[PDB]
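Chains as they are written, first to last, in full-length UniProt numbering: chain A, 2 to 375; chain B, 2 to 375. We put the beta carbon where it would ideally sit given N, CA and C, even for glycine.
Number of protein chains: 2
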Amino acid sequence: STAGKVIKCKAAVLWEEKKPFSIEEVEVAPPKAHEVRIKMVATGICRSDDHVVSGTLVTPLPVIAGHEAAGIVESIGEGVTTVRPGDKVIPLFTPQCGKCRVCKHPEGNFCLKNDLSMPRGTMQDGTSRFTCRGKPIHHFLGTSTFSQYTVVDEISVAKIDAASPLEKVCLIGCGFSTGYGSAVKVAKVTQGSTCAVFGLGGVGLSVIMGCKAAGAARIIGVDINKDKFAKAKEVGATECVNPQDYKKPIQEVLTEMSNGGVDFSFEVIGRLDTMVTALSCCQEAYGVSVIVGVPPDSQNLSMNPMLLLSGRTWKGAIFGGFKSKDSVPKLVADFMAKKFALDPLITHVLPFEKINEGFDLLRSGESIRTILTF
Amino acid sequence: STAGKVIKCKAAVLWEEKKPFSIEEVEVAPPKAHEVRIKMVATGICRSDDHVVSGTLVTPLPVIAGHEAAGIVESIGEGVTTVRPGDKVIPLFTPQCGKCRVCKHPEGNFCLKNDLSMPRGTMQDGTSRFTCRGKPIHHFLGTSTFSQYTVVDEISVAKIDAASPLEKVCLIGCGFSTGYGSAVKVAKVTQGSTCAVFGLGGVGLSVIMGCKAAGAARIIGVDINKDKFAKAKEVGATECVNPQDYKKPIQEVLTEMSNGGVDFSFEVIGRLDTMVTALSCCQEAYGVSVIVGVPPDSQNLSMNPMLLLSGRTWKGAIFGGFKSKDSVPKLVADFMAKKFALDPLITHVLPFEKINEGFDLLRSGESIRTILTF
Ligand SMILES: NC(=O)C1=CN([C@@H]2O[C@H](COP(=O)(O)OP(=O)(O)OC[C@H]3O[C@@H](n4cnc5c(N)ncnc54)[C@H](O)[C@@H]3O)[C@@H](O)[C@H]2O)C=CC1
Ligand SMILES: NC(=O)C1=CN([C@@H]2O[C@H](COP(=O)(O)OP(=O)(O)OC[C@H]3O[C@@H](n4cnc5c(N)ncnc54)[C@H](O)[C@@H]3O)[C@@H](O)[C@H]2O)C=CC1
Ligand SMILES: O=CNC1CCCCC1
Ligand SMILES: O=CNC1CCCCC1
Ligand SMILES: [Co+2]
Ligand SMILES: [Co+2]
Ligand SMILES: [Zn+2]
Ligand SMILES: [Zn+2]
Numbered sequence: 002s003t004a005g006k007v008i009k010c011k012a013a014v015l016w017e018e019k020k021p022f023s024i025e026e027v028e029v030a031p032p033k034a035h036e037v038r039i040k041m042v043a044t045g046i047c048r049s050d051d052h053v054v055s056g057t058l059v060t061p062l063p064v065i066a067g068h069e070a071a072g073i074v075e076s077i078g079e080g081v082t083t084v085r086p087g088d089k090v091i092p093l094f095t096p097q098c099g100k101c102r103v104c105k106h107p108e109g110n111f112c113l114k115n116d117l118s119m120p121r122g123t124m125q126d127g128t129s130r131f132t133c134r135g136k137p138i139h140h141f142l143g144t145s146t147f148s149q150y151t152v153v154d155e156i157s158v159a160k161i162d163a164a165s166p167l168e169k170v171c172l173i174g175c176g177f178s179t180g181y182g183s184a185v186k187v188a189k190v191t192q193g194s195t196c197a198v199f200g201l202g203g204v205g206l207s208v209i210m211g212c213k214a215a216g217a218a219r220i221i222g223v224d225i226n227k228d229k230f231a232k233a234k235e236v237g238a239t240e241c242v243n244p245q246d247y248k249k250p251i252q253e254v255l256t257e258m259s260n261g262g263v264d265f266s267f268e269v270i271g272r273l274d275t276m277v278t279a280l281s282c283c284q285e286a287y288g289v290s291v292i293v294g295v296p297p298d299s300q301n302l303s304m305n306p307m308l309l310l311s312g313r314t315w316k317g318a319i320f321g322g323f324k325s326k327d328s329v330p331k332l333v334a335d336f337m338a339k340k341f342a343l344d345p346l347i348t349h350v351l352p353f354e355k356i357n358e359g360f361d362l363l364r365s366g367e368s369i370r371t372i373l374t375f
Numbered sequence: 002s003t004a005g006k007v008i009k010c011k012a013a014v015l016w017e018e019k020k021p022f023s024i025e026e027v028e029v030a031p032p033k034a035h036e037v038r039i040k041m042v043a044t045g046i047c048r049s050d051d052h053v054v055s056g057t058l059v060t061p062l063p064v065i066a067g068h069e070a071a072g073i074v075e076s077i078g079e080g081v082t083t084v085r086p087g088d089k090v091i092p093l094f095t096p097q098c099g100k101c102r103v104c105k106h107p108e109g110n111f112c113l114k115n116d117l118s119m120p121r122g123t124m125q126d127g128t129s130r131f132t133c134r135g136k137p138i139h140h141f142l143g144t145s146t147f148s149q150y151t152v153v154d155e156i157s158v159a160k161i162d163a164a165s166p167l168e169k170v171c172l173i174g175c176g177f178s179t180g181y182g183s184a185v186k187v188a189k190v191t192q193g194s195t196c197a198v199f200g201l202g203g204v205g206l207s208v209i210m211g212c213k214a215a216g217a218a219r220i221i222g223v224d225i226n227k228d229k230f231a232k233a234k235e236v237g238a239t240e241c242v243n244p245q246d247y248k249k250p251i252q253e254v255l256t257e258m259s260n261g262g263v264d265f266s267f268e269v270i271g272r273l274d275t276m277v278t279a280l281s282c283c284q285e286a287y288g289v290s291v292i293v294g295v296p297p298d299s300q301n302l303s304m305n306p307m308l309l310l311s312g313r314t315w316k317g318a319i320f321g322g323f324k325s326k327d328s329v330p331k332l333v334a335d336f337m338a339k340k341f342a343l344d345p346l347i348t349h350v351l352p353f354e355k356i357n358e359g360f361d362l363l364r365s366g367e368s369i370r371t372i373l374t375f
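And the structure:
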């Protein structure tokens, strides 16, 4: 009774930076060719969504943000072959077109159809499916999950197990997969190694999960909020350090602790200074450091290249290095086989209508992941 | 008839920065415990030696520089077990103590006994074996090969094949192994890939040799001295570009030429700007860039960490990543089995007494490697 028709529903519109989300009626157009309209069931509150509000991450406004989510297909456009109405799905903020040089490469996942490098805030065809107060509203990363209904391109959606608990597996759409894959796929943490994880939010906890699953012997959590330490130890940290407790720079502290530097370090905050600190604390001849956190837009860091000349490796990744459409269904299957846990990441549950309360919980430092239910 | 007693011989002493070498008589003390005194046979002129003259590379002066060489053992100190008088040897500017955490690691080579991170300019025991006009003269990287005789610690020397042609395999002591290993071992260049090599001197030509040996389909040489292009194509470059010929920045040019970025790039010059350019020109989702050139002392570069977050890998290495004492004898043995060629790197052969002329050739852009013969 809605297929082929405009849907009127509620969404959280961000009209301007540094303001609350506005929950209002929007019109959602029906899917065009190779597009999928999804009834949202659950969406997580990720720090990257907050970066849009704060201006850290620039994308066209007004916008419907949200990118970590799960829902049920309401209708499909012409030509769609990979999902059907009623299928459980996870939208993919990094697409998998399957046809570009990255999608065809054995290791890359930053598909050239992404909307991150040069954000337009549209569908792949350059237009919007959202209207509000007579105005077109932009999409975000081709997902826009802060809405009861969204429309995504087929290359930005993955079908998942029909028995999946959507209020939990939405985290596989961003936070969990990003952190876990950064450890197991990007760094390729080795058995018995020493790791340092800077930032113990949802993504940093998922990095710790991956480091533990890879068999690391020591996992040192680093955060300026000591209230984060208890959960970090629960999921695998052997030790936690607060840089504010020390008179020396923390890279010196970590270097003494690891008897000359860690095997693998991870920046999971989004600060230029901690990216350089994390690189410095890995062992100078063979350490690996992975940037996961997103820094403020268009800001350069300063570093001494002799840190690399001695033998260090420095890399970054989006979405844990996972090719999104291949990997998301396998990760859900793994969760359904109890190969990893997601409950440790979920600290709060709220109805979607309280999205602003959910963001203030994140900003206050109190929450890890708040899951919003539609 | 020289064992146990001081040797008078000629050496090229650098008394202060930005002066010609002074060829004069020095006194070489006999080797102490676990030290080796070597009669030099041939030594190459590497840009890193010129960095000492210019002050780009800071090390205590006055000094006997030189680190790319081959010679014959004159006498050994008490406790030496890995070489004997009469053995052909290559001094190692990166030692291999075999006992530190790096030496025991399967993939590291920057031995913690190195004299590069905080140069002292001495033997491992903190003293000098060189005297000139009654003044003590510092060592360089534990090698000091610009002398008819030098003394090195046993962890800084490798025994090589008794049949080795010393006037060619001296390049295995630095330039060739550094460039070749940067490609085959550090970058791990793959068959069919596209490579970009910035700097077509002795080390950059060896990088090209390594990329070709690894089966790269395209190898783009980058140099502002177009006189370097002919030799670069001889050893494997498919094409060469001079940044001064373009109105656009060269990372944009290389990205367009490679239809979206190269698989592997190498900075083999020693400039901060080309380090960042070489990183930018590799493919944003899966490219790898290796820093080989040495930056000027105590200078930081500036870069956008979003270059790494998209998926690039940035790394550096000393001596091609080779564990020095294990690898140098195998590389000589490989040379002897005709596995690679060294003659294309040698453009000039001069007597040791013409060391200053050899440096003038390097500074003028005319030479690749000048080999000095004693
Ligand atoms: N590369 C990718 O694909 C993705 C990147 N991100 C980015 O990952 C980063 C982390 O995201 P979340 O875990 O959701 O954020 P979060 O805000 O929940 O966790 C950040 C943690 O860093 C701590 N912290 C802040 N400043 C610190 C400092 N100077 N030193 C030590 N710790 C500090 C905070 O106390 C906090 O616990 C964000 O920048 C996010 O935008 C998130 C998902 C995907
Ligand atoms: N990582 C390691 O273990 C080692 C590092 N090195 C360093 O490698 C670098 C290269 O050494 P060599 O091949 O002996 O030096 P070289 O002086 O023979 O070659 C440098 C080349 O770079 C070119 N060049 C200079 N400025 C340029 C610019 N702005 N843009 C493009 N090209 C430019 C020059 O024309 C020249 O052909 C040096 O910095 C050396 O100190 C050398 C050996 C070992
Ligand atoms: O958190 C989800 N996506 C992120 C990926 C890194 C750039 C900012 C957006
Ligand atoms: O060229 C030989 N050794 C180099 C290695 C990199 C730092 C400067 C010295
Ligand atoms: Co996210
Ligand atoms: Co050298
Ligand atoms: Zn693609
Ligand atoms: Zn060692």
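Taking C-alpha atoms, which residue in the options lies nearest to residue i?
i                  : options                                   : result
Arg-272 of chain B : A:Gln-284, A:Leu-273, A:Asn-305           : A:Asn-305
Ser-368 of chain A : A:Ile-46, A:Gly-216, A:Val-329            : A:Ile-46
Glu-354 of chain A : A:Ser-148, A:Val-54, A:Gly-99, A:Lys-234  : A:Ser-148
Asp-224 of chain B : B:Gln-245, B:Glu-17, B:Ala-215, B:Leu-362 : B:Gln-245
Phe-320 of chain A : A:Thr-144, A:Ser-118, A:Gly-176, A:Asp-88 : A:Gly-176
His-106 of chain B : A:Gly-67, A:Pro-330, A:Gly-193            : A:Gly-193
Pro-92 of chain B  : B:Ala-66, B:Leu-280, B:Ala-164, B:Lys-6   : B:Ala-66
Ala-43 of chain B  : B:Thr-123, B:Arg-85, B:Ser-145            : B:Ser-145
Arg-364 of chain A : A:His-52, A:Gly-5, A:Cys-171, A:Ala-4     : A:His-52
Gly-122 of chain A : A:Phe-94, A:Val-103, A:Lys-19             : A:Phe-94
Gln-97 of chain A  : A:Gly-359, A:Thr-60, A:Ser-325            : A:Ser-325
Can you list, in chain order, the residues of its chain with a C-beta nearer than 7 Å to that of residue i? Leave out the 5 residues immediately preceding and following it.
i                  : result
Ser-311 of chain B : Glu-285, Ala-286
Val-185 of chain B : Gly-211, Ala-214, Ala-215
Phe-323 of chain A : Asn-110, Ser-178, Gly-182, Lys-186
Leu-309 of chain B : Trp-315
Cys-282 of chain A : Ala-197, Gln-252, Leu-255, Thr-256, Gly-262, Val-263, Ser-266
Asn-357 of chain A : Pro-21, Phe-22
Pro-86 of chain A  : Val-74, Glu-75, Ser-76, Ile-77
Can you check whether the CB of residue j is closer than 8 Å to the CB of residue i?
i                  : j                  : result
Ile-292 of chain A : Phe-199 of chain A : no
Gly-80 of chain A  : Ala-34 of chain A  : yes
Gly-72 of chain B  : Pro-32 of chain B  : no
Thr-371 of chain B : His-349 of chain B : yes
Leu-362 of chain A : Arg-313 of chain A : no
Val-263 of chain A : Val-158 of chain A : no
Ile-39 of chain B  : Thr-128 of chain B : no
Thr-83 of chain A  : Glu-155 of chain A : yes
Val-7 of chain B   : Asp-162 of chain B : no
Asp-116 of chain B : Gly-143 of chain B : yes
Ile-173 of chain B : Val-74 of chain B  : no
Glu-235 of chain B : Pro-137 of chain B : no
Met-41 of chain A  : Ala-164 of chain A : no
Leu-343 of chain B : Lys-169 of chain B : yes
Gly-317 of chain A : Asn-226 of chain A : no
Using a Cβ-Cβ cutoff of less than 6 Å, which residues in the same chain neighbour residue i once the five nearest sequence positions on both sides are dropped?
i                  : result
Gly-180 of chain A : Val-204, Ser-207, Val-208
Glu-240 of chain B : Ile-221
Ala-218 of chain B : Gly-193
Quick one: what's got a C-beta closer than 8 Å to residue i's C-beta in the same chain, skipping five residues either side?
i                  : result
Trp-16 of chain B  : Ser-23, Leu-62, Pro-63
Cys-133 of chain B : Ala-12, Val-14, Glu-25, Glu-26, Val-27, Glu-28, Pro-63
Starting from residue i, find everything on chain C with Cβ-Cβ shorter than 7 Å and list it in chain order.
i                  : result
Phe-111 of chain A : In the structure shown, chain C does not exist; the protein chains are A and B.
3-residue-minimum beta strand (DSSP E) runs that sit fully inside the stretch 90-155 of chain A, ordered along the chain: Within the stretch 90-155 of chain A, the complete beta strand (DSSP E) runs of at least 3 residues are 131-133, 136-138, 150-154.
Any beta strand (DSSP E) of 3 or more consecutive residues that is wholly inside the stretch 14-64 of chain B: The qualifying runs are 23-29, 36-45.
Any alpha helix (DSSP H) of 4 or more consecutive residues that is wholly inside the stretch 314-347 of chain B: Segments of the alpha helix (DSSP H) lying fully in the stretch 314-347 of chain B: 325-337.
Every unbroken alpha helix (DSSP H) within the stretch 206-259 of chain B, with a cutoff of 4 residues, ordered by chain: The stretch 206-259 of chain B contains these whole alpha helix (DSSP H) runs: 230-235, 251-258.
Under 5 Å, CB to nearest heavy atom of ligand 7: contacting residues: With 5 Å as the limit between CB and the heavy atoms of ligand 7, the residues that fall short of it are A:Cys-98, A:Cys-101, A:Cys-104, A:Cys-112.
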